[PDB]
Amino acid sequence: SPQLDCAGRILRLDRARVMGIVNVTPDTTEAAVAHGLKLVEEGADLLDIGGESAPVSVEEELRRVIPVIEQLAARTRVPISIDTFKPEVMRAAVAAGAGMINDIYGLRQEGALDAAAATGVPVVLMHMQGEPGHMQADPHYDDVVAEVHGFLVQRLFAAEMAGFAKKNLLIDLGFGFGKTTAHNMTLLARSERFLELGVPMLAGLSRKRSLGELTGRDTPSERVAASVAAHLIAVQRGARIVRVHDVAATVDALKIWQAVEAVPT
């Protein structure tokens, strides 16, 4: 069973780990720092800091996330991830204490590939159809599994060629990003097939629109039970990190699961 060296903060991947979501959007720094610490006390094994909400300028993104990373790094021991697709924010976040990069664009932004390689921290390669801010309105796939797989194969290849070590790579199937409810459930059901790529898999389905379509819950905050069910299924099918808003609820569910899995067959 592998583990991540998150710039010195080790995260074992023998069991599923919970990544809490800390969005810094309008002081706002103290509120976000408090929010992360409260997620840690609820059981979060790591925190994901993001400054996007009009897309956010690099200067504003840096002003939003750097103080929150600096402070959380000094006030918790869990790995602190930076949720950005921009190379300057990757370099600066890591310099302020981030030990992981979570990139919705899959290092496809100009300079992101080389910048993330040079930081030496683990990087999550997400799949999305489209570009940050412009997701496909009518997503389409001949074979959503094969295309998401093919994309990940080539980003992983680019990462290796750009100088990455394999221990520093994760994949994320990117539920919700340019995908219908059918695409999402199909990827989730066949998600175990992506384990053949040999890197840990991160899954994020927290309060996603597809969960609401299936259950009829139009309000995202009413989608807690479905998110717990979704992340449990993702974990059963090989996801070893789950990115969630509802940390305590996900933590509780994983405890039931771990106890069930410990029984010898």
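All residue numbers refer to positions in the sequence shown, first residue = 1.
The entry models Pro26 and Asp27 with a gap of 4 to 9 deposited residues left without coordinates. According to the entry, the deposited sequence places 4 to 9 unmodelled residues between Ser53 and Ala54. Stretches 129 to 137 and 104 to 112 differ in mean CA B factor, with 129 to 137 having the higher one. Stretch comparison (165 to 173 versus 138 to 146) by mean CA B-factor in the PDB entry places 138 to 146 on top. Going by the entry's values, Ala32 shows the largest Cα B-factor out of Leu46, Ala230, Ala203, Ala32. Of the candidates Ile82, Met185, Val124, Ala117, the one whose C-alpha carries the top B factor in the deposited record is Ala117. Remark: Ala158 belongs to the highest third of its chain, ranked by C-alpha B-factor as recorded. When all modelled residues of the chain are sorted by CA temperature factor, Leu62 is found within the highest third. In the deposited entry, the Cα temperature factor of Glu42 sits in the bottom third of values across the chain's modelled residues. The PDB entry assigns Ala189 a C-alpha temperature factor belonging to the lowest third of its chain's modelled residues.
Among the modelled residues of its chain, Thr219 has a C-alpha B-factor that falls in the highest third according to the deposited record.
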